[PDB]
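Take a look at this single chain in structure tokens; it is the form deposited in one PDB entry.
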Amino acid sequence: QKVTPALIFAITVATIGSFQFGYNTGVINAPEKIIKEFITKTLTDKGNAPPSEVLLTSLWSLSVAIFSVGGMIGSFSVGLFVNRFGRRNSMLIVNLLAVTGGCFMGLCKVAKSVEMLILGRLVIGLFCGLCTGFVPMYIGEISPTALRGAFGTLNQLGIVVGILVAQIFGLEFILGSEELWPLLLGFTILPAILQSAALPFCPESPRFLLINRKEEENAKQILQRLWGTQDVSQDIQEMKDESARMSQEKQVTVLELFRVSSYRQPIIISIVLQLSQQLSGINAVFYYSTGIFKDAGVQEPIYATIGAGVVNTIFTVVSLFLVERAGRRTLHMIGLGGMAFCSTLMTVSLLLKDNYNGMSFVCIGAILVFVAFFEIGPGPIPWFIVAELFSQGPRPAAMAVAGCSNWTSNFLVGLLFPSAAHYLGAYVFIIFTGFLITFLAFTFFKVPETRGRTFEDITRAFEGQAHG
């Protein structure tokens, strides 16, 4: 606890990327009908026959999904940037992609080009994939050890705030209209121009400068400013230790992450935690929501979702104030457990949907409580924890692997779930309850507490476990 404006500024400017990721994730839902009308008109205006609903659904599905494909590629490409350019400059450099993607999506209507929309979603996907790796890596290396998890939770906060804002902007009376939806999608350009202006005044990680570039006194002076104290000897020395370790060790690529015994457990934890986020059922809960919301008298679908967005935000903040006290294990487990209870309730309330006339209110309650438990742990923790499971040398390759598995599992779930729901119906949530319980067991037996521990302490403990 040594928090000056500089540290806040640096972390806040970095979480613009988190906001960007959240915004582009949530922005696409509301304007579906409007964009399909655009796609139809683009073909009709040629004088051609109007497209079938099958073709529209097809093009629309590609628009949505190609974003994930971009993210898979970008998140796995994180390793190409962070050691070569640094952590701060990597973020500055890739804003080219955010500007590019936003231009395509923003100009696709006036250019009357469905192809530009699809292309824009791919490029903004690439950008967001790089962000999901760059931001926690930067925050992790620049935060005081006692606040590493708290600050790391600001990544997820930026993401959920980004989602909320995109949804609100998606309202018909704001930017969600026939004449304003290019502005809706094009909006992502503005935070990029703001971030690029602000970033050069954010310092590079002192850890990176000292450990990777051997610039000790440069790191110290920066460390003194960020933590607002002249005595930073304990931290500077701990960085010297990590630096000595890295120059005595072979620097790991992706493939060797899996050949080294002392890396196997950390990397397996990292991947599994990414899965515990995307296979939680969090992507199934809303698939049903939009239709459950009608039955309960909402008759206002985006409004039902925005409300969930507020709950989404509140419990991310709750997680922020808990993660340094309760620890990562406890918050992850509690969240997994509460989601297990809610998904089970979802199955029951849906199975009794029309034998009893109150069940739609029950399902909504289950959905909101589900969202709350998701953000307690499984939402924010898996993003910043892999940065904690590794020291300086293998972190970049580890975050490329972890991040990719997160984006990939998200993509596969979205591909496979509609089928599963079609064959299992209400029982599909029981499958997630099984996943959630299994993940809960994994965390309880296999995931060490990382709260307040130095990277060196954590790594040595993994080395000790590997020696027997």
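Counting begins at 1, following the sequence as shown. Throughout, rigid core stands for the largest set of C-alpha atoms superposing within 1.5 Å between the two forms. Only residues modelled in both forms are compared.
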Output the stretch having the higher mean C-alpha B factor in the entry; the candidates are 6-14 and 456-464. 456-464
Tell me which stretch, 413-421 or 397-405, has the higher mean Cα B-factor listed in the entry. 413-421
Among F384, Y138, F286, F370 - the residue whose C-alpha B-factor is largest in the record: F286
Highest Cα B-factor in the PDB entry belongs to which of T100, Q167, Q277, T229? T229
Taking only the Cα B-factors deposited for this chain, tell me whether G26 sits in the lowest, middle or highest third. lowest
Using the B-factors in the PDB entry, rank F134's C-alpha atom against the chain and give the third, lowest, middle or highest. lowest
Sorting the chain's modelled residues by C-alpha B-factor, tell me whether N48 ends up in the lowest, middle or highest third. highest
By its CA B factor, does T330 count among the lowest, middle or highest third of the modelled residues in the chain? middle
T438 CA temperature factor, ranked by third within the chain: lowest
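This next part talks about the form deposited in another entry, which is not shown.
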Determine, with the core as the superposition reference, the one member of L194, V254, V298, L119 that shifts its CA by 2 Å or more between the shown form and the other one. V298
After fitting the rigid core, is the C-alpha of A49 off by 2 Å or more between the shown form and the other one? yes
For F341, is the C-alpha shift between the shown form and the other one 2 Å or more after core superposition? no
Please say whether, between the shown form and the other one, the C-alpha of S90 moves by 2 Å or more once the core is aligned. no
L351 to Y287, Cα distance in the other form relative to here: closer or farther, by 3 Å or more? farther
Would you mind telling me if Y287 and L350 are closer or farther apart in the other form than in the shown form, C-alpha to C-alpha, with a 3 Å or larger change? farther
After the core superposition, state the residue ranges of at least 3 consecutive residues in which each CA shifts by 2 Å or more between the shown form and the other one. 43-51, 283-289, 291-302
